[PDB]
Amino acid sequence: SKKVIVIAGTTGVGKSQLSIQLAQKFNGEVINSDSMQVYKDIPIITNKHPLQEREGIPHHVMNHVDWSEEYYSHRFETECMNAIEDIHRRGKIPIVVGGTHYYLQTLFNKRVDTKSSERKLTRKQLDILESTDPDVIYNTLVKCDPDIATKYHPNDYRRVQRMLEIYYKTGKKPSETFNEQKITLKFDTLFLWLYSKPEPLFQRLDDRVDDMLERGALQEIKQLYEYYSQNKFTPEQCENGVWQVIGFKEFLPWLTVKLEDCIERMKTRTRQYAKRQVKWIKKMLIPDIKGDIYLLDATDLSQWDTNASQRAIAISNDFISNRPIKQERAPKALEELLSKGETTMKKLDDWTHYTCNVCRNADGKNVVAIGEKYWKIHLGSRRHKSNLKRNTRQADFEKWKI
C-alpha cells in the first residue's frame, strides 16, 4: 500500500542529510517532526537544515508557527496527516524526520480525540479542573476510573489533569478508551534509526554548540529576548511554546564573564536531550512498533556513506519496491540495542502505589512510590534510613525517661 519513511535518532547524526538523499533517490518530500522547528525563523539554535542544502526538496510542517502560538500534539497530527495525504496522491513518498519522537505516535493511532467530542463543561467539573488545590483533581480521578489513576503519580499534575479532562469531554473512562485502542501502524511504514555511541556523540554535540554560538546564534538569542521583553514575560513562561527551546532560557540569567556559564548549562541540556531521545526510542517507540526498525551506525562519521547512506538506501530500495527486507536490521556492534533487555524489559509493569508514612518531600506530601521494585529502592535509600533513625531515636527518648 502507500508507503511512509520515518527517520529517528539524536541530533548530530545526519538525520537531515539522509532525509534528503532518500528524497532525491526515491521521489519524496520531507515532513518535519521537531516540536521546535515548527516555529518561525530562529534557525541556528532550533537547528534547521539550510535551504541551499535541501537540493530543492519540499519540506512540510516546518517553520510556520508564530511565536505567539503554542504548538502541540493534535496540531501536528492534523498537519502531518495532511502532508502525507497530499504527498501520496501526488505519487510521492513522505519522509518524516524529527527529534520529537513523541509525535510519531500519530503514525499508529496512539491518542484520544477530545475535539470532535464537544460537551459543555459543568461549573462543578471546571471548578475541580481549574482548581488551585493540589491533589483535589487527583482524588477526583481516583474516584471515577481508578484504573487510569493508578498509572500516574499524584504530582503529575499536567497528565492527571488531562486524563480527567478526557473523562469529562468524552463521558467515557480513559482507562477503557485505551483497552479499546488499536495502536496499529497506519500506512506501510519503515523506521530508520540513526544512532551513535554516547561518548563520541557528546564530544561532537559539545563542539556543535561551541561553533554554534559563533555562526550567529547570539543574535537569535537577542532576538528572542527582544520579543521576550517588551511583553512583560517572566521566566515561568519558559514552559510553553518556543520558550521551551534549548538555547534561550539557558541565557536568561546572563540577560538578567558569566555568559560562559550559560553556555555550559546549554551544552548540558543538549546532552540530556540526546540521552532522553534514545531512552524514548528504546522504551517507548520500539516496544510500540514491535521492534520493526532498522539501525544505522553513525558513530564514526568518517564512514557514514557506507554504514548510513548505502545501508539505508539499500533497505529503502527494497522497502519501496514493496518487498521483504533482507538487511540485517542492526550491525553486529549495535545488536544489543534492539534486544528485549535494552527495550521492553525496562518498561514499568507494576503500578501498585505505596506510601512512606515517615518520608515526606518539601511540598509537605508524603513520599509515594510506584511499583514494588521501586518501593524497595526507597525503603533502602539513605533518605528513608536517615528519617527512620531520627524517628527511632526520638521515640526512644521516652523509652529512657520512663
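When you see a residue number, it is the position in the sequence shown, counting from 1.
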Count class of deposited residues lacking coordinates, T256 to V257: 4 to 9
Between 157-165 and 294-302, which has the larger average Cα B-factor in the PDB entry? 157-165
Which has higher Cα B-factors on average according to the PDB entry: 58-66 or 335-343? 58-66
Just the C-alpha B-factor column, please: which of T270, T189, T150, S229 has the biggest number? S229
Reading the B-factor column of the entry, which of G98, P198, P134, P94 has the highest value at its C-alpha atom? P134
Chain-relative C-alpha B factor for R75 (record values, thirds): the middle
Thinking about Cα B factors across the chain, which third does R111 belong to? highest
Can you work out whether the C-alpha temperature factor of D288 puts it in the lowest, middle or highest third of the chain? lowest
Please place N391 in the lowest, middle or highest third of its chain by C-alpha B factor as given in the entry. highest
Check where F233 lands among this chain's C-alpha B-factors and tell me if it's the lowest, middle or highest third. highest
